[PDB]
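Note sheet for the following structure.
There are 2 protein chains.
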Amino acid sequence: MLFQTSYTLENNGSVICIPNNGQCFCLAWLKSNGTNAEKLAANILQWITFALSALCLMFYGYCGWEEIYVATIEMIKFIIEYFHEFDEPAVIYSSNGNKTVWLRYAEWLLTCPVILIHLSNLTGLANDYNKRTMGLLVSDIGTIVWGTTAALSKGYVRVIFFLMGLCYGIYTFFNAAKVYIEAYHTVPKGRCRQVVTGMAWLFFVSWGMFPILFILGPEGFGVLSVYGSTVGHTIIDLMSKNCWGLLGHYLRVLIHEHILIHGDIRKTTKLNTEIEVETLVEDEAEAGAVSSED
Amino acid sequence: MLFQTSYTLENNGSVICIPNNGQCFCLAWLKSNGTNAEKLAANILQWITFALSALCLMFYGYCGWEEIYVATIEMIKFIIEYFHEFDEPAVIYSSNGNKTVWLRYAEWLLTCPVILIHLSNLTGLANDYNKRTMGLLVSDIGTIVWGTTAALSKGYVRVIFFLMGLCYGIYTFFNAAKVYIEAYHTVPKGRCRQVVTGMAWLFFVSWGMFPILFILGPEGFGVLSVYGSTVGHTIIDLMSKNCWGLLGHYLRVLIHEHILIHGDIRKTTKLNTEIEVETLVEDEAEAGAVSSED
Ligand SMILES: CCCCCCCC/C=C/CCCCCCCC(=O)OC[C@H](O)CO
Ligand SMILES: CCCCCCCC/C=C/CCCCCCCC(=O)OC[C@H](O)CO
Ligand SMILES: *C/C=C(C)/C=C/C=C(C)/C=C/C1=C(C)CCCC1(C)C
Ligand SMILES: *C/C=C(C)/C=C/C=C(C)/C=C/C1=C(C)CCCC1(C)C
């Protein structure tokens, strides 16, 4: 540690004395991060993630910028974890006694908006983004900022900022859901609709797990230890980023093959909220005005 | 303060003893935030900003969501400053001795992307955003994340993260410049082109001042004190947000009046990098294919 770890209790445990060496001191910081079993598990999941993220980068290496940016950051993340995981400021040890994993929240700020940009162009064919895309990004940034602030805070201050994060988060989840519904009815009828369905399940489950891990972790009720929280977070990271990004590359190849073999043939379908989506079709026998009541 | 402020030096200044009351302690945290003159100046500029931001909200209150979101956050910001400016986590007092103004960086994360979204639709007429818009947002988020990490860090770690912020920042500034060039040649020939020119000056000067205030502040070489840094930051905040947002509302009204009186009549002008922009014109005697060599 690069904070003070050696001290003496004096006067029946009522006074703590430390070397006057300029280092900060706090008992709360010295609480254990967890068991050796938790530590072993965390280093394994990290290695798996560093390696798999590096494989994904090379694999994608065989437009497309979103999968690479996230996979690059994940890799960079491990080297910092690997060398300085518990060094400030990968973990912030603050005057109120909290341990805040800035690396995680910073990583979310780097990667989550890019995932949402990817989500807004699942097929990869669009060159533009609507107004709703922008709201998705702004709501998600706020979620992380409130969540980070909550983690840095204590008591009632933590609770309030968490709840604003929850309000921002619901708005994010709701609009993400809207995007996936449009995407499902946009992509061709076969395999493309299977992949999109898989991504929705992956997305809502993995992203939905995050507020739960927060509540359980040191940032909340301290059920999970620091290592415990790391293991959980790396799991849902693999889901939310690596696996989801894999599917996204796969989905985009499938969309590309469809347009190469069949061309870009569109049919307008309307979904009655009442939304309209231009579905990709396979042959020119369809170019009509189809609908679908929900 | 809610950290330890009372201590005794023992053994010829080599041992510090504190009450064992659970509070964290560090000498670095107790350095003064600055002179009383600096404090007075900071409270004045904050009040000016709280009031003026509230005026802007009501004033805009007489599409348009970007001016309100930023002005709302600025207002909320002051109430937190007003009650808990130097309470954790508005300022983070970390184990490495740094004081990091999380409120500022968090505020930047909330407001700067929205300013850039505004910038990407200065006229307010567009319903879509290109790929380049998305890069603008992603580069800017990275800047803040690296800058925040640099502020939280020390020594060579601070320097590296600052430089990545600088690389991200240049990419942001460059693309912002691209947007303003397109915007200038898009808006009508008269007053609209004056306002856009004003915004470019405001934008690059106020945003450009931020890395400079960083280098001078406690986050860098400690030339400026904490209060000193606050005063500077509130000034360029008024420029980057309040004044710029004012012009943006004004610019959008002017664009709206043009389309109401004259309708939406466009002419394609091409700018030889070679870029094409559809300029708004006043009468149907222009609908041609004009160009302009740079
Ligand atoms: C994400 C979109 C779908 C929403 C589903 C969300 C997942 C579960 C959240 C649940 C209830 C909120 C719980 C609020 C309590 C949190 C307060 C806290 O963290 O505890 C602080 C306290 O000071 C320490 O003792
Ligand atoms: C923003 C786009 C246009 C670019 C214009 C930028 C404005 C000026 C930046 C300049 C040089 C960079 C200076 C790099 C030195 C910073 C390192 C530092 O902060 O000092 C840490 C040290 O450890 C404490 O003693
Ligand atoms: C790669 C990392 C990802 C996809 C992280 C996602 C994180 C979230 C969806 C976090 C959500 C939260 C809330 C819904 C409420 C406030 C607490 C948070 C930040 C954990
Ligand atoms: C309302 C707040 C605004 C507009 C803040 C803008 C901040 C910046 C443009 C900061 C830029 C930085 C760099 C260019 C390099 C790294 C250090 C920063 C974060 C100060």
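Taken in sequence, the protein lines are chains P and Y.
So the number in the working numbering is just where the residue sits in the first sequence, counting from 1, plus 8.
So the number in the working numbering is just where the residue sits in the second sequence, counting from 1, plus 8.
All C-beta atoms, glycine included, are put in the ideal place defined by N, C-alpha and C.
(1) Any idea if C71/Y is buried or exposed, counting beta-carbon neighbours within 10 angstroms, 16 or more meaning buried?
(2) I want to know whether the segment 249-265 of chain P touches the segment 193-203 of chain P - three or more CB-CB distances under 8 Å.
(3) Excluding the five sequence neighbours on either side, which residues of its own chain have a C-beta within less than 7 Å of the C-beta of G173/Y, listed in chain order?
(4) Answer with buried or exposed for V167/Y, where buried requires no fewer than 16 other C-beta atoms within 10 angstroms of its C-beta.
(5) Give me, in chain order, the residues of the same chain whose beta-carbon lies closer than 7 Å to that of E115/Y; leave out the 5 immediate sequence neighbours on both sides.
(6) Please say whether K278/Y and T287/Y have beta carbons closer to each other than 7 Å?
(7) Closest Cβ-Cβ distance between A191/P and chain Y: below 7 Å?
(8) For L60/P, verify whether its CB is less than 6 Å away from any heavy atom of ligand 4.
(9) By the 7 Å beta-carbon criterion, what residues does the segment 99-117 of chain Y contribute toward chain P?
(10) Using a cut-off of 8 Å between C-beta atoms, extract the partners of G30/Y located in chain P.
(11) Quick check: what's the CA-CA separation for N135/Y versus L53/Y?
(12) Any heavy atom of ligand 3 closer than 6 Å to the CB of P226/P?
(13) With DSSP run on the structure shown, which of helix, strand or coil describes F86/P?
(14) With a cut-off of 7 Å, does the C-beta of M142/Y fall near any C-beta of chain P?
(15) Based on the DSSP secondary-structure assignment, which residues constitute the bridge partners of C25/Y?
(16) Considering only the beta carbon of each residue, do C25/P and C32/Y sit closer than 7 Å?
(17) Compute the distance between the beta-carbons of residue 5/Y and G225/Y, then report whether it is under 7 Å.
(18) Here's the rule: buried if 16 or more other CB atoms are within 10 angstroms of the residue's CB, otherwise exposed. What is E294/Y?
(19) Starting from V261/Y, follow the alpha helix (DSSP H) in both directions and report where the run begins and ends.
(20) Any heavy atom of ligand 1 inside 6 Å of the beta-carbon of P219/P?
(21) Tell me which residues of the segment 235-268 of chain Y have at least one Cβ-Cβ distance to chain P shorter than 8 Å, keeping chain order.
(22) Given a threshold of 16 other Cβ atoms within 10 Å of its Cβ, counted over all protein chains shown, does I149/Y qualify as buried or as exposed?
(23) Would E290/P and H270/P be called neighbours here (beta carbons separated by less than 7 Å)?
(24) For a contact meaning CB atoms closer than 7 Å, what does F11/P contact in chain Y?
(25) Which same chain residues, not among the five before or five after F58/Y, have their C-beta less than 7 Å away from its C-beta?
(26) Given a cut-off of 7 Å on the beta-carbon distance, is the pair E75/P and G253/P in contact?
(27) Taking only beta carbons into account, state which residues of the segment 121-135 of chain Y come closer than 7 Å to chain P, listed in chain order.
(28) Using a threshold of 6 Å, is the CB atom of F181/Y nearer than that to any non-hydrogen atom of ligand 2?
Based on what the coordinates show:
(1) exposed
(2) yes
(3) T151, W154, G155 and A158
(4) exposed
(5) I81 and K85
(6) no
(7) no
(8) no
(9) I100, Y101, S102, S103, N104, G105, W110, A114 and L117
(10) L35, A36 and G105
(11) 37 Å
(12) no
(13) helix
(14) yes
(15) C25/P and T16/Y
(16) no
(17) With chain Y covering 9 to 302 only, the question about residue 5/Y has no answer from this structure.
(18) exposed
(19) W252 to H270
(20) yes
(21) none
(22) buried
(23) yes
(24) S103
(25) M83 and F86
(26) yes
(27) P121, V122, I125 and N135
(28) yes
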